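Remarks on the structure that follows.
For the numbers below, each heavy atom of this structure counts, side chains included, while hydrogens, waters and symmetry mates do not. Protein chains get the first letters and strands the later ones, always in sequence-line order, with residue 1 at the start of each.
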There are 2 protein chains.
Amino acid sequence: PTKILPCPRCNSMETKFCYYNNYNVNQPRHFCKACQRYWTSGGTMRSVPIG
Amino acid sequence: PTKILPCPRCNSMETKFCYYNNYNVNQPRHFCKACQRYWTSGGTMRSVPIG
DNA sequence: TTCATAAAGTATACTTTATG
DNA sequence: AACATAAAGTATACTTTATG
Ligand SMILES: [Zn+2]
Ligand SMILES: [Zn+2]
């Protein structure tokens with residue numbers, strides 16, 4: 001959970017790991033400070049409001 | 001601290017300990033859910049925007 | 001023109017709800 | 001329906017700013 005990952009939605013590198021979603025080590029959830037949106041790495045994404 | 005303390009501002013008992021201000025154990029800072037204002041128990045209080 | 005303390009702000013890590 | 005996962009929410013714990 002150290003490596004910095006690009007945002008799949010906006011492609012920025014200004015991202016940060018936040019927490020493991022659903023108590024699962026296979027669901028590392030990140031945040032993209034640029035698009036103000038979370039994503040779960042390796043999981044599916046849905047269209048959420050930017051902000 | 002877990003003892004519930006009355007809010008010196010509005011007198012309510014719906015208050016909660018939150019944290020030690022300034023990393024000082026002598027500044028236990030509480031929050032009054034009623035008036036929506038923080039206070040440091042035993043410290044000086046100032047007129048702050050309620051809310 | 002510096003510092004302890006009061007207030008305000010923000011990151012963390014959990015919990016609650018939404019989605020398909 | 002219902003269940004795992006995506007998203008959203010929130011107590012907690014820290015950091016930064018304001019005040020006198
Ligand atoms: Zn992004
Ligand atoms: Zn009060």
Side-chain angles (χ1 to χ4, degrees), chain A residues 1-15 17-32 34-49 51, chain B residues 1-2 4-13 15-51:
Chain A
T2 166
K3 325 168 272 212
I4 38 182
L5 302 186
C7 176
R9 315 177 191 259
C10 59
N11 286 349
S12 161
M13 218 60 75
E14 304 195 12
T15 73
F17 168 85
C18 297
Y19 56 93
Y20 288 95
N21 214 7
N22 304 302
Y23 306 95
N24 201 303
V25 50
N26 300 342
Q27 299 179 38
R29 192 144 179 91
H30 290 48
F31 177 80
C32 177
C35 55
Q36 298 289 316
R37 275 162 325 173
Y38 294 87
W39 88 91
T40 291
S41 195
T44 180
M45 320 191 302
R46 309 200 185 90
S47 80
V48 289
Chain B
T2 61
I4 289 303
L5 302 190
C7 165
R9 303 183 202 268
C10 84
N11 274 338
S12 155
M13 266 292 198
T15 74
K16 165 187 127 189
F17 169 80
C18 302
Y19 58 92
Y20 298 106
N21 216 19
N22 303 298
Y23 306 91
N24 193 319
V25 172
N26 255 359
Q27 291 167 40
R29 210 160 160 75
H30 291 54
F31 178 62
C32 170
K33 316 206 243 223
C35 68
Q36 295 289 295
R37 284 173 293 177
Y38 286 97
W39 48 291
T40 292
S41 176
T44 296
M45 271 146 271
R46 312 212 167 98
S47 160
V48 307
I50 164 174

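The OG1 atom of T40(B) sits 12.0 Å away from the OH atom of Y20(B) when rounded to the nearest 0.5 Å. Once rounded to the nearest 0.5 Å, the distance linking CG of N11(B) with SG of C32(B) reads 9.5 Å.
Two residues are said to be in side-chain contact when any heavy atoms from C-beta on lie closer than 4.5 Å; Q36(B) and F31(B) meet this criterion. With contacts defined as side-chain heavy-atom distances shorter than 4.5 Å, the pair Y38(A)/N21(A) does not qualify. For the pair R9(A) and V48(A), the minimum side-chain heavy-atom distance is below 4.5 Å.
Phosphate contact (OP1/OP2 of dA7(C), side-chain N/O of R9(B), threshold under 4.0 Å): present.
Picking from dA6(D), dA8(C), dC14(D) the nucleotide with the shortest atom distance to the side chain of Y23(B) gives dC14(D). Taking the side chain of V48(A) as heavy atoms from C-beta on, and the options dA7(D), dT12(D), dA8(C), the nearest nucleotide is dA7(D). Nearest nucleotide to the side chain of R46(A), out of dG20(D), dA8(C), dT19(C): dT19(C). Side-chain proximity of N21(B) to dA8(D), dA6(D), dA7(C): nearest is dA7(C).
Remark: the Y19(B) side chain and the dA7(C) base include no donor-acceptor N/O pair separated by less than 3.5 Å. Side-chain N/O atoms of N22(B) and base N/O atoms of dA4(C) include no donor-acceptor pair closer than 3.5 Å. No donor-acceptor contact under 3.5 Å links the side chain of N24(A) to the base of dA4(D).
If you check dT19(D) for Watson-Crick or wobble pairing at under 3.5 angstrom, you find it paired to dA4(C). In this structure, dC14(C) forms a base pair with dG9(D), meeting either the Watson-Crick or the G-U wobble geometry with both donor-acceptor distances under 3.5 Å.
Between the P atom of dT19(C) and the CH2 atom of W39(A) lies a distance of 22 Å, rounded to the nearest Å. Put simply, CZ on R29(B) is 14 Å from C1' on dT15(D), counting in whole angstrom units. Between the CZ atom of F31(B) and the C1' atom of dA7(C) there is a distance of 13 Å, given to the nearest Å. Protein atom NZ of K33(B) is 13 Å distant from nucleotide atom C1' of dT12(D), rounded to whole Å. Straight-line distance from the CD atom of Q27(A) to the P atom of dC14(C): 15 Å, rounded to whole Å. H30(A) has its NE2 atom 12 Å from the P atom of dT12(C), to the nearest Å. To the nearest angstrom, P of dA6(D) lies 11 Å from CG of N26(A). Rounded to whole angstrom, the span from the CD atom of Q36(B) across to the P atom of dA8(C) amounts to 13 Å.
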